[PDB]
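All remarks here apply to the structure that follows.
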Protein chains: 2
Amino acid sequence: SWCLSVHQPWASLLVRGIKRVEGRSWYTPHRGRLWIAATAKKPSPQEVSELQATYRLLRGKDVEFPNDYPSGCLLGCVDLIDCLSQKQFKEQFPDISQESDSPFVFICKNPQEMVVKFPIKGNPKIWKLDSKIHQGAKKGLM
Amino acid sequence: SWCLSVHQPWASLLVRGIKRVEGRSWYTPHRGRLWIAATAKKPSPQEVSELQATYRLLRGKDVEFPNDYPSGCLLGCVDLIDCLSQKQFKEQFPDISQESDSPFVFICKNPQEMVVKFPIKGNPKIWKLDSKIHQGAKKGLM
DNA sequence: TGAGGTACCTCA
DNA sequence: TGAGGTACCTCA
């Protein structure tokens, strides 16, 4: 039921598995499924192209990006398997530690992207999905 | 007929004779009567009080300020008796040269303040009053 | 967060 | 100029 709001284009990159961690200033004890919602902040087309070029160099020239980075909607989910300090992050993930310098680094696995994305209004930190949205989101994962 | 738009509170200080020069980046050959309009930009109350305190120290503790600094209206007129370079301004007006560091300094005399101020839309540089406004403004000078 | 008030920027 | 589009800031 719990959800995290993330700015595009990073939000869709997370549920695609292209972005593997998300950094925040705060720790969460939450583990397991964490839904990912895009915030309402629309990224400029310049931001999107520049971030895609960067991720092409980190992951490979043939990485398959989403066609669109919709804002203000529920995108999918990840498994939040750990929430590491920056010191722990460098120790455990040397190969990607450069990908977040935040005080706490959310380590994400098993991303799933919803085929039908639903409009939603987010909140700070981890918040709970409304039950109707949650129900439809689970169906749309099949 | 010619008019200059000036930000408040400087605009009303000009037609009161409290402010004696107005600086601009450009020269004008205009001499004689120059109407003064306030721009549409409303000054914060903090700006007004700070500028009044400064002019109190330059002119005297008992200087009589206007009760209000209305925006977007025709305030009065001055006689533009010269348009001096900054070098000329320092040479001719040593006692007030510190009051403008602009490339050109408009030297104003014989300020008159209209008792009824009329709403107006300004333009850059020196512009011409509409004839109906001009007619009423001259009457209101009596 | 998302929303909106506002200061800043630009103007065939 | 004055007007408005927009980025920035703040939020009992």
Side-chain angles (χ1 to χ4, degrees), chain A residues 1-12 14-15 22-28 30 34-48 50 69-77 80 102 104 106 117-134 137, chain B residues 1-12 14-15 22-28 30 34-48 50 69-77 80 102 104 106 117-134 137:
Chain A
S1 170
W2 296 272
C3 190
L4 180 74
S5 289
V6 180
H7 287 320
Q8 292 283 33
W10 299 275
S12 288
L14 269 183
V15 292
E22 170 73 3
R24 291 298 161 102
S25 72
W26 46 272
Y27 174 88
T28 176
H30 182 72
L34 172 61
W35 296 91
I36 302 295
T39 67
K41 200 180 179 207
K42 284 194 200 301
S44 72
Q46 196 236 2
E47 283 182 292
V48 169
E50 279 306 280
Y69 296 88
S71 281
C73 59
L74 186 67
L75 304 181
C77 58
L80 184 53
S102 298
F104 296 97
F106 295 25
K117 295 153 182 57
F118 300 121
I120 200 157
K121 304 282 186 203
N123 301 279
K125 305 208 227 208
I126 314 284
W127 51 277
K128 285 172 188 173
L129 293 181
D130 171 58
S131 62
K132 285 318 190 202
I133 289 266
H134 186 204
Chain B
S1 170
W2 296 272
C3 190
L4 180 74
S5 289
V6 180
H7 287 320
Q8 292 283 33
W10 299 275
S12 288
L14 269 183
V15 292
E22 170 73 3
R24 291 298 161 102
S25 72
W26 46 272
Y27 174 88
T28 176
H30 182 72
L34 172 61
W35 296 91
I36 302 295
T39 67
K41 200 180 179 207
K42 284 194 200 301
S44 72
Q46 196 236 2
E47 283 182 292
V48 169
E50 279 306 280
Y69 296 88
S71 281
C73 59
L74 186 67
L75 304 181
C77 58
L80 184 53
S102 298
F104 296 97
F106 295 25
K117 295 153 182 57
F118 300 121
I120 200 157
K121 304 282 186 203
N123 301 279
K125 305 208 227 208
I126 314 284
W127 51 277
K128 285 172 188 173
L129 293 181
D130 171 58
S131 62
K132 285 318 190 202
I133 289 266
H134 186 204

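Only heavy atoms go into these numbers, but all of them, side chains included; no hydrogens, no water, no symmetry mates. Chain letters run A, B, ... following the sequence lines, proteins first and then strands; every chain starts at 1.
Counting to the nearest Å, the P atom of C/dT10 and the NZ atom of B/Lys41 are 15 Å from each other. Computed from coordinates, the B/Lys42 NZ to D/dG2 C1' distance equals 13 Å when rounded to whole Å. To the nearest angstrom, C1' of D/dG2 lies 12 Å from CH2 of B/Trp127. Look at CD1 on A/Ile120: it is 11 Å from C1' on C/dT1, rounded to the nearest Å. Distance, B/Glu47 CD to C/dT6 P: 15 Å, rounded to whole Å. Taking atom CG of A/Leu74 as the reference point, atom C1' of C/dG2 lies 17 Å away to the nearest angstrom. One can place CZ of A/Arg24 at 11 Å from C1' of C/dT1, the figure rounded to the nearest angstrom. Rounded to a whole Å, the CG atom of A/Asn123 is 11 Å from the P atom of C/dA3.
For D/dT1, there is no paired nucleotide, since no Watson-Crick or G-U wobble pair has both relevant distances below 3.5 Å.
The aromatic rings of A/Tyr27 and A/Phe104 sit perpendicular to each other, their planes meeting at more than 60°, with 30° as the lower class boundary. Ring planes of A/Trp26 and A/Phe106: perpendicular class, angle over 60° (limits at 30 and 60°).
B/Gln8 places a side-chain N or O within donor-acceptor distance of the main-chain N or O of B/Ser12, the cut-off being under 3.5 Å.
Side-chain N/O atoms of A/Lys121 include one lying less than 4.0 angstrom from OP1 or OP2 on C/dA3.
Partners of B/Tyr69 according to the ring-ring contact (aromatic ring centres under 6.0 Å, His included) rule, which considers only residues two or more places apart in sequence or in another chain, do not exist here.
Considering only side-chain atoms of A/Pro124, the nucleotide from C/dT1, D/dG2, C/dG2 that sits closest is C/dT1.
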